[PDB]
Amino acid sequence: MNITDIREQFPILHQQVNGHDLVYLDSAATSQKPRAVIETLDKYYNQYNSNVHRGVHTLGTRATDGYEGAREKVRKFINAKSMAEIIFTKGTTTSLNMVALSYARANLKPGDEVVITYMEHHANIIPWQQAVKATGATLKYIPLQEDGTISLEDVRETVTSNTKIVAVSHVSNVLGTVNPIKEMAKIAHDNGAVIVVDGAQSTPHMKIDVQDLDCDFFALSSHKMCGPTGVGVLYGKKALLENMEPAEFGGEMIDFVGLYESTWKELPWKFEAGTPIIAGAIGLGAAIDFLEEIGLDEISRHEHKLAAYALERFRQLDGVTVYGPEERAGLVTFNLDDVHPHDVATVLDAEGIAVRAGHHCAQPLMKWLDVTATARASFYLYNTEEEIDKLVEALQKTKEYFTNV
């Protein structure tokens, strides 16, 4: 895995910001794209754009084959059994809302529980808050251990025979914790619940196998895994999708439309109303080809190396707190003593370094951590230890700078 050759394929990395080489450490907010993806969108619009399905003309057939071809690439990439289980959506957040609307609101009654965790992103909190309110069900939270991991004993305690849904992040976008999803799914199913996995931060960075995880639903975003913005996937087990009604209604997802009553297409098109995200889906297929050619296991090993190196170098800094466990995904969320994280991020950008400051869409977790905001550097397949050295050197200089004033 050669990082010079990988970085050569991402044109956006090769520029300066405020007279310094760009050091982009915000891939957990969104990833950059290689030429293979950007040129896939260009070839689509330059050569074979047309509306899809009902193919009667040559470009329409090409666009259709491109779109459904990318559906198969996604199925194989997460090891789903069938394309009927692979729904294209505009992103993880819409995918989780579709489960909350079509699955939860149809299957919750007073006394039923939805169980989530304190480390969830808002996308995997607020849909459930709304579904429980709509149904008169109850929302419960699995507690965290002190290092920001989840113990399976707490899971077993929280999940009961009244639990109908457990929803949980695969990887936390703040703590970098990798949650024990396959063992959580067993505990959910033992209790009669389904498990909904928010895979937005795992899919880019490590192999996903939905048959091994045995998750009932899994959600992911293209823009985090070198793919175009505006597209995502909802995977669901086919027997659950078959029984769920559509979340949105219109052309393309019908079989018959009468004046008052309509019937739906088979899966997966039952869940894809209107002209679909044609270019974006084909470009997400190109991103999957690109990552597969590098190897997700290789990208996970590179990130493990960067994270171990970052954690060590952060421990060399006085007056810096890092949140979450030692074993983690490729990101470090932190605070400097006595400097607001927004000011940390502002002065890092003056040195060309891009990081994110705020609550990272995890307000209950910031409350759990007893902080109002944090800064986060996150890494991906094009980042290097030299960039981490630049970050830690800039944090040192930030600390001294705010000391002198």
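Residue numbers run from 1 along the displayed sequence.
Higher mean CA temperature factor, per the PDB entry, when comparing 74 to 82 with 256 to 264: 256 to 264. Look at the mean CA B-factor for 50 to 58 and for 34 to 42 in the entry; the higher one is 50 to 58. By the numbers in the PDB entry, the CA B factor is greatest at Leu317 among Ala219, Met225, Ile278, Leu317. Per the deposited coordinates, the residue with the largest Cα temperature factor out of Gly232, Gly236, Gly148, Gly274 is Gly148. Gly295 sits in the middle third of its chain by CA B factor, as recorded in the PDB entry. In the deposited entry, the Cα temperature factor of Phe249 places it in the lowest third of its chain's modelled residues.
For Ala362, the recorded CA temperature factor ranks within the middle third of the chain's modelled residues. In the PDB entry, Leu25 places in the lowest third of its chain by CA B-factor.
In this PDB entry, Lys305 carries a Cα temperature factor that places it within the middle third of its chain's modelled residues.
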